[PDB]
Amino acid sequence: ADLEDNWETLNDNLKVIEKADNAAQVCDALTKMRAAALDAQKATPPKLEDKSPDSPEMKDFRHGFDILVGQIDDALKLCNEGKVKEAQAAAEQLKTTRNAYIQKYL
């Protein structure tokens, strides 16, 4: 699985969360999102393949993932307390982070 696969795993699990009926279903999908985000964070996106590994752009990319992972953790805390609707709303905001931090490097 590569970065493109990781991104599409995030997309599929966002759909799972949107369609979910219970906290356990949301938790499972957030787990897969967290795993895919950890995998993606270690990749080099195509627009940064020539850039220095410590370039500001590569920092932006990796830090977008630390922010995304922290937000996934906040959503996991909600679904671990049974707060399904709150967790689903939080998952929607994960789209904003993904789009603003990461998409420009794909």
Side-chain angles (χ1 to χ4, degrees):
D2 56 21
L3 174 61
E4 254 184 349
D5 295 328
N6 296 151
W7 197 251
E8 185 81 341
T9 297
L10 295 170
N11 285 348
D12 286 342
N13 286 286
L14 281 165
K15 180 63 69 173
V16 176
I17 294 164
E18 173 192 346
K19 302 301 186 188
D21 302 311
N22 63 57
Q25 291 162 337
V26 176
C27 176
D28 290 353
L30 286 166
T31 295
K32 294 310 203 72
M33 293 189 69
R34 201 186 195 274
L38 291 168
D39 289 346
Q41 183 175 37
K42 302 170 176 67
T44 296
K47 295 187 189 104
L48 309 181
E49 291 174 340
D50 49 9
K51 293 275 135 193
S52 160
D54 276 44
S55 68
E57 290 78 16
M58 277 298 269
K59 291 312 81 169
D60 187 34
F61 172 88
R62 276 199 281 274
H63 176 250
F65 279 108
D66 280 328
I67 295 304
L68 193 73
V69 168
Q71 289 170 356
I72 292 166
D73 286 342
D74 294 338
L76 280 165
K77 186 166 182 288
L78 296 168
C79 63
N80 283 326
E81 297 163 317
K83 300 177 198 177
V84 190
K85 304 289 195 172
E86 296 88 340
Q88 290 174 303
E92 290 285 8
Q93 297 300 325
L94 296 176
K95 289 224 186 133
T96 295
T97 298
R98 262 221 316 175
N99 294 350
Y101 282 81
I102 307 305
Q103 184 69 49
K104 64 190 184 289
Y105 299 122
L106 301 185

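Quick note: numbers below take in every heavy atom, side chains included, and nothing from hydrogens, waters or symmetry partners. We count residues from 1, following the sequence as given.
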Determine all donor-acceptor pairs shorter than 3.5 Å in which one atom belongs to a side chain in residues 84-96; sequence neighbours excluded.
unit_1 : atom_1 : unit_2 : atom_2 : d
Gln88  : NE2    : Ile17  : O      : 2.8
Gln88  : NE2    : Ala20  : O      : 3.1

What pairs of donor and acceptor atoms, side-chain ones from residues 21-30 against any protein atom, are under 3.5 angstrom apart with sequence neighbours left out?
unit_1 : atom_1 : unit_2 : atom_2 : d
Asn22  : OD1    : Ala24  : N      : 3.2
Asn22  : OD1    : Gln25  : N      : 2.9
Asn22  : ND2    : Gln25  : OE1    : 3.4
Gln25  : OE1    : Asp21  : N      : 2.8
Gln25  : OE1    : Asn22  : N      : 3.0

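Residues satisfying the side chain to side chain donor-acceptor pair (under 3.5 Å) test with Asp60, not counting sequence neighbours, are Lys104, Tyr105. Every residue two or more places apart in sequence or in another chain that forms a salt bridge (charged side-chain N to carboxylate O under 4.0 Å, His left out) with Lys15 is listed here: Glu18. In this view, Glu57 satisfies the side chain to side chain donor-acceptor pair (under 3.5 Å) rule with no residue, not counting sequence neighbours. A search for salt bridge (charged side-chain N to carboxylate O under 4.0 Å, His left out) contacts involving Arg34 returns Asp73, not counting sequence neighbours. Listed by chain and residue number, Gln71 satisfy the side chain to side chain donor-acceptor pair (under 3.5 Å) test with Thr97 (two or more places apart in sequence, or in another chain). Shown here are the salt bridge (charged side-chain N to carboxylate O under 4.0 Å, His left out) partners of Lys32, two or more places apart in sequence or in another chain: there are none. Contacts of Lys47 classified as salt bridge (charged side-chain N to carboxylate O under 4.0 Å, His left out), with partners at least two apart in sequence or in another chain: none. Every residue two or more places apart in sequence or in another chain that forms a ring-ring contact (aromatic ring centres under 6.0 Å, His included) with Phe65 is listed here: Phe61. For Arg62, the side chain to side chain donor-acceptor pair (under 3.5 Å) test picks out no residue, with sequence neighbours left out.
In terms of heavy-atom proximity, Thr44 sits nearest to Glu49 at CG2-CA, 3.8 Å. In terms of heavy atoms, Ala40 sits closest to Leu3 at CB-CD1, 3.6 Å. In terms of heavy-atom proximity, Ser52 sits nearest to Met58 at O-CG, 3.7 Å. The two residues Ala37 and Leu68 make their nearest non-hydrogen contact at CB-CD2, 4.2 Å.
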| Test log, rule side-chain contact (heavy atoms from CB on, under 4.5 Å), inputs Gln41 and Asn6 | CA-CA 10 Å; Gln41 183 175 37; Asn6 296 151; over 6 Å; no

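Using a 4.5 Å heavy-atom cutoff, the side chains of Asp5 and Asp39 are not in contact.
Distance check: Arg98 CZ to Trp7 CH2 gives 4.5 Å after rounding to the nearest 0.5 Å. In this structure, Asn13 CG and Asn11 CG are separated by 9.5 Å, a value rounded to the nearest 0.5 Å.
Hydrophobic clustering (ILVMFWY, side-chain heavy atoms < 4.5 Å, transitive): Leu10 and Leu38 are in distinct clusters. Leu76 and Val69 fall into different hydrophobic clusters, where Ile, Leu, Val, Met, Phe, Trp and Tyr residues are linked whenever their side-chain heavy atoms come under 4.5 Å apart, directly or through other members.
Screening residues 26-55 for ring-ring contact (aromatic ring centres under 6.0 Å, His included) gives no qualifying pairs among residues at least two apart or on separate chains.
Heavy atoms from other residues, nucleotides or ligands lying under 6.0 Å from CD of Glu4 number 12 at most.
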